[PDB]
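Just below is one structure, and these are the notes that go with it.
For ligands, and for the atoms within them, numbers begin at 1 and follow the listed sequence. Just so you know, residue 1 is the first one in the sequence shown, and it goes up from there. Both backbone and side-chain heavy atoms feed into the values below; hydrogens, waters and symmetry mates do not.
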Amino acid sequence: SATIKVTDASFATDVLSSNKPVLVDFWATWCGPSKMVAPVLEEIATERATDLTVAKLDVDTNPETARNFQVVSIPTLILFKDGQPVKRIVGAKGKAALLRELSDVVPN
Ligand SMILES: *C1=CC(=O)C=C[C@]1(O)c1nc2ccccc2s1
């Protein structure tokens, strides 16, 4: 997987301080509908690798990070730019739709 896995511990280096925008997928190990977005994210990570990084955070095992960023529904996607959560996406989408939301902030 072109996507990366992040934790509470790794979040600051992996996501926050990244000079490249990161799309973070807040998901649950025990939620099946929350895993539906994974393949699409995988396609995106490979296809748009120069423009964007894709990260996956398991809210089940990293509760504080999920709470700090105020994730209320799963799956949730938050785009991080220069350390800030600049974009929040709820309701799982198709690829074209997801890419359209992201284009406002990401080139290509
Ligand atoms: C709720 C209950 C469940 O059994 C699986 C995970 C969940 O948190 C979610 N359910 C849905 C259903 C539709 C879309 C998204 C989610 S998350």
Side-chain angles (χ1 to χ4, degrees):
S1 75
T3 74
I4 67 161
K5 165 195 202 183
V6 301
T7 73
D8 289 322
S10 83
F11 212 78
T13 306
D14 296 338
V15 177
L16 303 187
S17 73
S18 189
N19 70 354
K20 194 195 310 235
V22 194
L23 185 58
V24 179
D25 168 19
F26 289 82
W27 79 289
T29 254
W30 36 265
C31 190
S34 108
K35 295 173 242 256
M36 315 243 256
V37 250
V40 201
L41 290 189
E42 204 53 87
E43 270 176 26
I44 291 170
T46 306
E47 288 161 37
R48 343 294 288 221
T50 4
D51 327 284
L52 155 102
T53 293
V54 186
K56 281 168 84 188
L57 184 289
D58 172 21
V59 301
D60 182 296
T61 42
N62 307 281
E64 275 319 324
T65 298
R67 169 156 137 265
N68 297 337
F69 293 108
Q70 305 181 315
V71 170
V72 105
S73 72
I74 55 168
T76 285
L77 313 174
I78 309 179
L79 180 76
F80 281 97
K81 215 229 196 260
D82 296 327
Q84 296 193 222
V86 316
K87 196 89 202 190
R88 296 156 151 109
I89 306 168
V90 308
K93 261 149 202 59
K95 193 162 88 186
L98 183 35
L99 281 180
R100 227 167 36 239
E101 304 221 36
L102 294 168
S103 62
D104 308 5
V105 170
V106 181
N108 289 337

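- Side-chain atoms of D58 and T61 form a donor-acceptor pair, as typed in the model, at a separation below 3.5 Å.
- Counting heavy atoms under 4.0 Å from ligand 1, residue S34 does not touch it at all.
- Of the possible polar contacts, none joining the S10 side chain to the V6 backbone as a donor-acceptor pair under 3.5 Å is found.
- Looking only at protein heavy atoms, the nearest one to atom 15 (C) of ligand 1 is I74 O, 3.5 Å.
- Remark: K35 is not positioned above the aromatic ring of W27, lacking an NZ or CZ atom under 6.0 angstrom from the ring centre and at most 45 degrees off the axis.
- In this structure, atom 4 (O) of ligand 1 has its sub-4.0 angstrom surroundings free of protein heavy atoms.
- For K5, the NZ atom is loosely surrounded, since the number of other residues' heavy atoms within 6.0 Å does not exceed 12.
- In the displayed structure, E64 atom CD is contacted under 6.0 Å by more than 12 heavy atoms of other residues, nucleotides or ligands.
- One option in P75, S73, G91, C31 has a heavy atom closer to atom 10 (N) of ligand 1 than any other, and that option is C31.
- Among protein heavy atoms, the minimum distance from atom 14 (C) of ligand 1 is reached at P33 CB, 4.0 Å.
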